[PDB]
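The primary structure of each chain is shown beneath.
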Amino acid sequence: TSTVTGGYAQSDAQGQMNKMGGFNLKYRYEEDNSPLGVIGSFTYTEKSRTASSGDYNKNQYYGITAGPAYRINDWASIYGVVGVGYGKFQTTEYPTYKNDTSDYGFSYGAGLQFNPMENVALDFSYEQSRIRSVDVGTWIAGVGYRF
């Protein structure tokens, strides 16, 4: 039927200052005929901020990821993630006198879910992304539910 899974993702930032953290939500679909599973997850991560900081956000991290999924026993699932990332820097409502500015890269990884509960699931996964000059190691982990 369908499975819900999401949590938070922290990663190291080579070329960037301070690590980042975002939220990941993903939807899953499978057919009883075979163990075929496809999932689509979105991630949004930003640099940590302090209370003294204003309400402005420096850059944002948007990304797309999805991959196949296989069912193993009632407490073990495996999946992979593939897609890209978007880096928005110096974003302003006014024109920047530039044709366009965008920094992106590709991501890849996979993880597994485990839990001694029929309706509760916890999973860990790791994925790396490279954007020509930026390389960070991000991992996504949280909960999982199956209708």
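Placed above this text is the structure.
## Remarks on the overall build of the protein
Check the secondary structure of the protein and you find zero helices and eight strands. Along its sequence from the N terminus, the protein presents helices and strands in the succession β-β-β-β-β-β-β-β. Once the C-alpha set of the protein is aligned to its principal axes, its extents read approximately 55 × 35 × 25 Å.

## Digging into the sheet that holds strand β8 (residues 135-146)
The strand order β1-β2-β3-β4-β5-β6-β7-β8 describes a closed barrel built from eight strands, whose pairing is antiparallel. Recorded for the sheet is a direction-independent mean angle of 20° between the axes of neighbouring strands. The pairing of strand β1 (residues 2-14) with β8 spans twelve bridges and is antiparallel. Following the sheet pairing, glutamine 10 is matched in β8 by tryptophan 139.

## So, the packing of aromatic side chains
How two aromatic rings sit relative to each other is set out by the distance from centre to centre and by the angle between their planes. According to the stated counting rule, one finds two aromatic pairs in the structure shown. With centroids separated by 6.0 Å and ring planes inclined at 45°, the aromatic side chains of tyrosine 62 and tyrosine 86 adopt a geometry described as tilted. You can see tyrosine 62 sitting in strand β4 (residues 60-72) and its partner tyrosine 86 sitting in strand β5 (residues 76-88), a full 24 residues away along the chain. By relative accessible area, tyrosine 86 is classed as partly exposed at 31%. Centre to centre, the rings of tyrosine 104 and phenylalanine 106 are 6.4 Å apart; their planes meet at 80°, and the pair counts as edge-to-face.

## Considerations on a nonpolar patch on the surface
On the surface, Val4, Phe23, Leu25, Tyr27, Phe42, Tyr44, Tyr62, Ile64, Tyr86, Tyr104, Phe106 and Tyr145 cluster together into a nonpolar patch covering about 1200 Å² of accessible area. Elements supplying a minimum of two residues to the nonpolar patch: β2 (20-30), β3 (37-47), β4 and β6 (103-114). Summarising the element assignment, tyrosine 104 is placed in strand β6.

## Thoughts on the environment of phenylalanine 106
Take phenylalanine 106: it is sitting in strand β6. For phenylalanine 106, a relative accessible area of 56% gives the class exposed. Those residues in contact with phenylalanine 106 that sit more than four places away from it in its chain are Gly83, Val84, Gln128, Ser129 and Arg130.

## Some thoughts on the pairing of β4
Relative to β4, β3 runs antiparallel, the two being bridged by nine bridges. Among the inter-strand pairings, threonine 45 is bridged to a residue of β4, identified as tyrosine 61. The hairpin formed by β4 and β5 contains three residues between the paired strands, and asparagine 73 there has a positive phi angle of roughly 55°.

## A short note on empty space enclosed by the protein
The calculated volume of the largest cavity comes to roughly 100 Å³. Taken together, 13 residues form the lining of the largest cavity, with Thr43, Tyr61, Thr65, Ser107 and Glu127 sitting closest to its centre. Elements represented by at least two residues in the lining of the largest cavity include exactly β4, β5, β7 (121-130) and β8. The element that contributes the greatest number of residues to the lining of the largest cavity is β4, accounting for four residues. Here the residues of the lining of the largest cavity are counted per class, giving four nonpolar, eight polar and one charged. Taken together, 13 residues line the second largest cavity, and the ones lying closest to its centre are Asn24, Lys26, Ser41, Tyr79 and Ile140. Of all the elements in the fold, those that place two or more residues in the lining of the second largest cavity are β1, β2, β5 and β8.

So, how was this worked out
Residues numbered from 1 in each chain as written, not as in the entry; some residues may be left out. Heavy atoms only, no water. Residues with missing side-chain atoms left out of burial classes, pairs and counts. Helix = DSSP H or I, 4+ residues; strand = E, 2+ residues; numbered from the N terminus. Pairing = 2+ DSSP bridges. Axes fitted to C-alpha atoms, helices over the stretch in contact; angles between N-to-C directions. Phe/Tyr/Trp six-rings, centres within 6.5 Å; stacked < 30°, edge-to-face > 60°. Buried < 20%, exposed > 50% of the residue type's maximum accessible area, 1.4 Å probe, protein only. Patch = residues over 30% accessible without salt bridge, like charges linked within 9 Å, V, L, I, M, F, W, Y side chains within 5 Å. Areas by Shrake-Rupley, 256 points an atom, 1.4 Å probe, with all protein chains shown as cover. Salt bridge = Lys/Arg side-chain N within 4 Å of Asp/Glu carboxyl O. Contact = heavy atoms within 4.5 Å. 1 Å grid on protein atoms, 1.4 Å probe; cavity = no way out; pocket = protein on both sides within 12 Å on 5 of 7 lines; lining within 4 Å. Points joined across faces, edges and corners; volume = space filled by probe spheres on them. Nonpolar A, V, L, I, M, F, W, Y, C, P; charged D, E, K, R; others polar.

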